[PDB]
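Visitor: Numbering (the deposited numbering), first residue to last: 1 to 36, 41 to 298.
The beta carbon of each residue, even a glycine, is placed where N, CA and C say it ideally should be.
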Ligand SMILES: COCCCNc1cc(NCc2cccnc2)c(C(N)=O)cc1[N+](=O)[O-]
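#1: Using only the alpha-carbon positions, how far apart do residue 65 and residue 244 sit?
#2: Taking the C-alpha atoms as reference points, what is the distance between residue 181 and residue 122?
#3: Using DSSP bridges, identify the partner residues of residue 237.
#4: For residue 145, collect the residues of the same chain with a Cβ closer than 6 Å to its Cβ; drop the 5 residues on either side in sequence, then sort them by chain order.
#5: Give me the DSSP bridge partner(s) of residue 72.
#6: Evaluate contact between the segment 279–292 and the segment 81–92, counting only Cβ atoms and requiring at least three cross-stretch pairs below 8 Å.
#7: How is the beta strand (DSSP E) around residue 22 delimited, first residue to last?
#8: Taking the beta strand (DSSP E) that residue 4 belongs to, which residues open and close that run?
#9: With DSSP run on the structure shown, which of helix, strand or coil describes residue 64?
#10: Going by CA-CA distance only, name the one from 23, 238 and 42 that's closest to residue 31.
#11: On the DSSP bridge assignment, give the partners of residue 260 in chain order.
#12: Given 8 Å as the limit, is there contact between the segment 159–178 and the segment 230–244, that is, 3 or more CB pairs closer than that?
#13: Which same chain residues, not among the five before or five after residue 168, have their C-beta less than 7 Å away from its C-beta?
#14: Could you give the distance in angstroms between the alpha-carbon of residue 226 and the alpha-carbon of residue 269?
#15: Rank 289, 157 and 229 by C-alpha distance to the C-alpha of residue 16 and give the top, closest one.
#16: Are at least three pairs of beta-carbons, each pair with one atom in the segment 147–167 and one in the segment 204–220, less than 8 Å apart?
#17: Would you mind sorting residue 119 into buried or exposed? The rule is 16 or more other CB atoms within 10 Å of its CB.
#18: With a threshold of 8 Å on Cβ separation, who are the neighbours of residue 53 within its own chain once the five nearest residues in sequence on each side are excluded?
#19: What would DSSP say about residue 85, mapped onto helix, strand or coil?
#20: Could you name the residues that DSSP lists as bridge partners for residue 80?
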């Protein structure tokens, strides 16, 4: 580095190493990501740069895009904990419903904001939802997938998780819609509630079949056009749909009704972030503070 003092290694991200660092001139504490081959594609630069203006309280702020020495670094606002770690830490008694509801509400506001500006995330997962001691939760890395794409493995060879991937993506659709993020968030919502991943697939077909086993194998009635998707095979086993009462017990009917709308197969029928914010589930939403030991 030069202007940033490295405090500690956060880990290996989907695009490269991430460090907690301190700006030597301002003293500001940030997350510094070194982006992975030769020359840095100008298109990515222009696209990522546009993200500097995508500002919202529930979106991790992109502070700077440094393109020097033909290297690429992204400087982000720093938060002390991610939802994956917080969930593992809450596995004992689970995250209280009021906090789950507050987090879901805030995440939907972030999605509504990005989606209104036509920006998609495409790879939402607990690891990129960040929280602070004030009860805020923020979405990290919106827009990077479009700028850099999503790898099978990270640079250290870790397998990028498929657990939150929408079915249209798994079936080969080339054009992603905002619906892909609602799906991922629905999966995360279900995981906060049950304390178990909803669809923990370990391959693309295992991921797809896990979805089919729970929500039923999609057909033309529920998803017009599904049998014409690039990777759809008429040989897919036909599983009957299970009851949500069995999928996320003991979530109440407001919660199950919202989840069901976030997991509709047809992207076009899937609830939008803005409409989800108006769902009765949020009638009694509050902003509790989590128990965070840093
Ligand atoms: C390398 O990824 C592993 C997943 C966590 N990854 C991240 C976690 C963050 N914060 C929460 C946190 C968690 C643990 C320690 N210290 C801070 C931040 C950030 N912007 O503050 C960035 C990334 N990331 O850009 O990846």
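Guide: Quick look at the numbers:
#1: The alpha-carbon separation between residue 65 and residue 244 amounts to approximately 43 Å.
#2: 9 Å
#3: Paired residues: none, contrary to the question.
#4: 132
#5: 75
#6: no
#7: Here the beta strand (DSSP E) through residue 22 covers 17–23.
#8: 4–12
#9: If DSSP states are grouped into helix, strand and coil, residue 64 belongs with coil.
#10: 23
#11: According to DSSP, residue 260 bridges with nothing at all.
#12: At 8 Å Cβ cutoff, the stretches touch.
#13: 128, 129, 188, 191 and 192
#14: In a straight line, the C-alpha of residue 226 is about 7 Å away from that of residue 269.
#15: 157
#16: yes
#17: buried
#18: 69
#19: strand
#20: 31 and 66
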